[PDB]
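One chain comes next, on its own, written out as structure tokens in the form deposited in one PDB entry.
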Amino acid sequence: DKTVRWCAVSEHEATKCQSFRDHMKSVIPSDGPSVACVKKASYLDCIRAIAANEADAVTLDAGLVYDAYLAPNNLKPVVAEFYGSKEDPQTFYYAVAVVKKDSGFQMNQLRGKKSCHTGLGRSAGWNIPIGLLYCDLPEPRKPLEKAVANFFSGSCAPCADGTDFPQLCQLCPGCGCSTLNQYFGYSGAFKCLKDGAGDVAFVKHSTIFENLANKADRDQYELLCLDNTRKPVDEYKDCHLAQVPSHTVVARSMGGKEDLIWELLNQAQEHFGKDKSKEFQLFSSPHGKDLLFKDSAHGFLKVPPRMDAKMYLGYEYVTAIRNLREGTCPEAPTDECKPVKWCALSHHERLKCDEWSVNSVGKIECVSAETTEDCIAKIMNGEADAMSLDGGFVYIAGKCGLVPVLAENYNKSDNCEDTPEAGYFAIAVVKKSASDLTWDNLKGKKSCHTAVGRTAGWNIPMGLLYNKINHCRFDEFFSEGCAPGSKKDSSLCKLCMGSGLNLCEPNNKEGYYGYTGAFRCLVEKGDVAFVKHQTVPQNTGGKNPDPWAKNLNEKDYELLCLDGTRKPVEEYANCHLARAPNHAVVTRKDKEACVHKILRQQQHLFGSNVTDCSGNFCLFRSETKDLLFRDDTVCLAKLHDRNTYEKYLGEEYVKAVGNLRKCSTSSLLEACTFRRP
């Protein structure tokens, strides 16, 4: 009925929901977002209600968001509350482990150390840390309080049972569950570390900032990272035990009215949001506290539609809560790397992966997903481990927290596994004839692109020029040009040749298609052409027999540079738009070492050493084309220092694809950006 049935868990919430209803009726048009109220006994009954189509939306803490996700409910986050500004929303907080500088231990070696918890049963203080360390605990892990007591050599766990397990109160005897215990809560847990009682304090990111105003004092503290490294306390976003959403509205995954819910809550915060009206305070509780929404909430934000619970909570939070609830660890905790789960994007990719798996003798396993973004999501949540990606998807995967580990090398050499190729150089070519041309005044000139959606011919150049575009109409920057794959009637199709049906088409039929074609576009009808550094040489000195390219001199053309200067073709290395990276294998950081190791083995067994791809299995050969890896892949090379998407792609490339993604939307990128801007 275009009506949103909100579920309340108390009589107080029901009343507020009724006020919310009546008021929203007075300000919203006859045909607009309406609200009905449904009262149930608890949050769980509300989750079941929504799943049963008896309600539509409820706001939940992280733990209950996970509950709502499980079957048969299958709810998902749709709207989130934020507690800061539009620039600093603070939708999430980060559970971190604070420690003294140079204490001499990491996450993987916390046994025998002393711990300070905010309180037993709390998220950052207990559930999350203990969830992650669950398998590192001694058996029997049940009851849990006992297992933790044995793991640490003394600690402070407020509200714990000191009578049966006194070791948990060693740092705060009695385990006082009130502020009377100086080591209770966030302030207390931090003080437990500060006074030297404990070695580590499991708290929020903001905790140390609340208990120490001088940065000089904070410098003696640092955080434990899950990759068993330490970092400064203000780098918690890169070093945290988990990332937690504070308050999130959930609805059905299918037919949950997520758009309608957003419409409702959006107009709601508009009229009755924070300090918006005196008639009704959406984020104020007249009777109770934190009714329907947290009272500290400043407003709402739409959760990107690609998001699901697993992705929203993060692999850390899910790992922890699963460990506590399921309580399953490998009975044979062998230090050998588990099979690498490769992700296949197609039927043929899967068939090749299946052959690879059999030959690997269990070292490789296979998982299928519908699209590239689905595979990335699977690597994020753990349903898969590794996959090969091009530059654009390495960028998206990087924004999603994954890291590159191995690059595909395409050049034949004696030792390619130790010489990662940075790829060719994308450059902008213009004739020496027009001396007025410069990277700045390209606006209104004639351009030649290999094709739309191309690294050197389009994405890099048009991405860097985006600041000059100021919008998403890229055919309006250049007066005319040839960019195969455009709308045909576009200005970027005006200079194209080809035939009627093959006009402005991305294929051989178009004569101005490709690097050579864009060069043809340049020499015949055009001012600038975007290609790679080997294009001009290969098409000059008589090296190209075609008539138009029959007799051209390399010295007749020059490269545009970013700062505005010009140089000859020979100096492409110092004058270029950006470097076009090779494909690279990406994975989750915790799986980097294993993926890096096992692939090397597989590479040596089935790489470019085999001759009979018939009698053996060739990893870099495809029954069709470029399955899992590019067929012209010589070998996979270790990346050394370039083990992040920023370091691997380069500043100009990430700048280009980043700007360009503002116009071309990616559902996955939206989601990952939401969790980490």
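For the two forms, the rigid core is made up of the largest set of C-alpha atoms that agree within 1.5 Å on superposition. Each residue number is its position in the shown sequence, starting from 1.
Visitor: Would you say residue 413 goes unmodelled in a third or more of the other compared entries?
Guide: Yes: coordinates for residue 413 absent from at least a third of the compared entries.
Visitor: Checking the other PDB entries with both flanking residues built, is residue 332 absent in a third or more?
Guide: Residue 332: unmodelled in at least a third of the other compared entries.
Visitor: Averaging only over Cα atoms, indicate whether 97 to 105 or 362 to 370 has the higher B-factor in the PDB entry.
Guide: Looking at the recorded C-alpha B-factors, 97 to 105 comes out higher on average.
Visitor: Mean C-alpha B factor from the entry: is it higher for 207 to 215 or for 466 to 474?
Guide: Result of the comparison: 466 to 474.
Visitor: Name the residue from 570, 258, 590, 295 with the greatest C-alpha temperature factor listed in the entry.
Guide: Going by the entry's C-alpha B-factors, 570 comes out highest.
Visitor: Considering only 527, 145, 408, 349, which residue's Cα atom bears the greatest B-factor as recorded?
Guide: If I rank 527, 145, 408, 349 by C-alpha B-factor, first place goes to 527.
Visitor: Just say lowest, middle or highest third for the CA B-factor of residue 491 relative to the other modelled residues in its chain.
Guide: Highest third - that is where residue 491 ends up once the chain's C-alpha B-factors are sorted.
Visitor: Thinking about Cα B factors across the chain, which third does residue 552 belong to?
Guide: Ranked within chain, residue 552 CA B lands in the highest tercile.
Visitor: Taking the C-alpha B-factors as the PDB entry records them, is residue 643 in the lowest, middle or highest third of its chain?
Guide: Within its chain, residue 643 is a middle-third residue by C-alpha B-factor, going by the deposited values.
Visitor: Considering every modelled residue of the chain and its Cα B-factor in the PDB entry, is residue 675 in the lowest, middle or highest third?
Guide: Ranked within chain, residue 675 CA B lands in the lowest tercile.
Visitor: Could you place residue 266 in the lowest, middle or highest third of its chain by Cα temperature factor, using the values in the record?
Guide: Middle third - that is where residue 266 ends up once the chain's C-alpha B-factors are sorted.
The same protein also has a form deposited in another entry, omitted here; what follows describes it.
Visitor: Looking between the shown form and the other one after fitting on the rigid core, I'd like to know which of 290, 570, 355, 365 has a C-alpha displacement of 2 Å or more.
Guide: Flagged residue: 570.
Visitor: Once you overlay the rigid core, does the Cα of residue 435 travel 2 Å or further between the shown form and the other one?
Guide: After core superposition, the C-alpha of residue 435 moves 2 Å or more between the shown form and the other one.
Visitor: Quick check: residue 236 between the shown form and the other one - does its CA shift reach 2 Å or more after fitting the rigid core?
Guide: Shift of 2 Å or more: no.
Visitor: Is residue 518 one of the residues whose C-alpha moves 2 Å or more between the shown form and the other one after the core fit?
Guide: After core superposition, the C-alpha of residue 518 moves 2 Å or more between the shown form and the other one.
Visitor: Using the form shown as baseline, tell whether residue 410 and residue 623 are closer or farther in Cα-Cα distance in that other deposited form, where the change reaches 3 Å or more.
Guide: Distance between the C-alphas of residue 410 and residue 623: shorter in that other deposited form, by 3 Å or more.
Visitor: Your call: residue 622 and residue 354 CA atoms, closer or farther in that other deposited form versus the shown structure, by 3 Å or more?
Guide: Here the pair is closer than in that other deposited form; there, farther apart.
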